[PDB]
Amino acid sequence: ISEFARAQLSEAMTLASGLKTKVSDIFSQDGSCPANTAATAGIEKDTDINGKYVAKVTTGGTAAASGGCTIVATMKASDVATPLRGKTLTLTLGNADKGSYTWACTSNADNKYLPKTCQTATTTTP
């Protein structure tokens, strides 16, 4: 498994991680999840949040007891490892009602490119 591909999805996480404080602070202060398809109270426009491999980072989600707000980074459509083109990786706030905030990682890309922490689970059934 390519460390070049691993590293690109690594940009995404870091650019998304970059908004935890900003998103959890609005959730627990105003009760809602902020969305940035337009710039919004201290948070930049999703298409303005980017780097070498990330095209945009969008906030949103649906407010719930423990959290729910989502931070979705979208990969560029080019100059990126072919399987990752246009894919997304998603951080979700949780435990908002229990203590320290948690942020579960998920992605719609192949687990072979993700960190262990961002991978799905697959098992057999009866």
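A residue's number is simply how far along the shown sequence it sits, counting from 1.
Judged by mean Cα B factor in the deposited record, 95-103 ranks above the other of 52-60 and 95-103. Set 112-120 against 11-19 and average the Cα temperature factors; 112-120 ends up higher. By the numbers in the PDB entry, the CA B factor is greatest at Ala38 among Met75, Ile71, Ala38, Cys33. In this PDB entry, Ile43 carries a Cα temperature factor that places it within the lowest third of its chain's modelled residues. Among the modelled residues of its chain, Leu84 has a C-alpha B-factor that falls in the lowest third according to the deposited record. Among the modelled residues of its chain, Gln29 has a C-alpha B-factor that falls in the middle third according to the deposited record.
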